[PDB]
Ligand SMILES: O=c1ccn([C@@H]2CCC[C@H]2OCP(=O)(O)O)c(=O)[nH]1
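Take a look at this one chain, the form deposited without the ligand, written out in structure tokens.
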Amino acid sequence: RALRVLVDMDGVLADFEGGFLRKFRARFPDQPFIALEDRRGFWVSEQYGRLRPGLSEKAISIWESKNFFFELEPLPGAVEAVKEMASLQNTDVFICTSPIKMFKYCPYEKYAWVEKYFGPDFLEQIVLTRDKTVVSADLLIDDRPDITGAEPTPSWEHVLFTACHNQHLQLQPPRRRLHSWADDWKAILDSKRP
């Protein structure tokens, strides 16, 4: 009966791409980098790996460092939109996020970041998982173009959240986008209601 919406964290609530570039440039000032406008493909480390040998490992070292996830800044409008979305009648919102492989800091900092921007009671809405296809819901708003896993037919409709790395992608017709949190997310939710 309640519409269930899963909202991604990196690239949707938290500005992973800008935080990464800033810290990469500060730590490795003598290395070439990729301006956000020139980002292509989901995996940051793969594109850095193509720009020069050893750069993929240096890029990885930035998000594996302590405080990287905790210090990410929210995207404009994200905190306000998700707070409003969660307060809507017949609407349950969960933050569904995938941790990186090195787990020393990332899970902990993601819970701390949600507590900081949404409060202690919102911690109950977090789902950490590498596989989002096994989480059931009506909608998944996520900036990754291809979301796959153990369930071949996920129950949610994936709405692609725009990001520097996917903004030029042409999607297969059925597929929809949410361009930013300033875009009309309520209309998307309502199109899925009974």
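A residue's number is simply how far along the shown sequence it sits, counting from 1.
Not on display, but discussed next: the form deposited with the ligand bound.
Participant: Looking at 8-16, 21-29, 169-177, 182-190, which stretch has residues with any non-hydrogen atom within 4.5 Å of the ligand in the deposited bound form?
Facilitator: Result for this chain: 8-16.
Participant: In the deposited bound form, is there a heavy atom of the ligand that lies within 4.5 Å of any heavy atom of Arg144, even though the partner is absent here?
Facilitator: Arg144 belongs to the contact set for the ligand.
Participant: Contact between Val135 and the ligand in the deposited bound form at 4.5 Å, heavy atoms?
Facilitator: Looking in the deposited bound form, residue contacts with the ligand do not include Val135, since no heavy atom lies within 4.5 Å.
Participant: Taking any heavy atom pair closer than or equal to 4.5 Å as contact, tell me whether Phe33 reaches the ligand in the deposited bound form.
Facilitator: No, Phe33 sits far enough from the ligand in the deposited bound form that none of its heavy atoms falls within 4.5 Å.
Participant: Should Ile126 be counted as a contact of the ligand in the deposited bound form, where contact means heavy atoms within 4.5 Å?
Facilitator: Heavy-atom contact with the ligand at 4.5 Å: absent for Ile126.
Participant: Can you pick out, from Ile100, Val114, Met85, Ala78, the residue that has a heavy atom within 4.5 Å of the ligand in the deposited bound form?
Facilitator: Going through each option in turn, the one that passes is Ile100.
Participant: Among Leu55, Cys164, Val44, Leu160, which has any heavy atom within 4.5 Å of the ligand in the deposited bound form?
Facilitator: Comparing distances to the ligand in the deposited bound form, the residue within 4.5 Å is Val44.
Participant: Using a 4.5 Å heavy atom cutoff, which residues in 50-78 contact the ligand in the deposited bound form? It's fine if the answer is none.
Facilitator: Read in sequence order, the residues that approach the ligand (within 4.5 Å, in the deposited bound form) are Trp63, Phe69.
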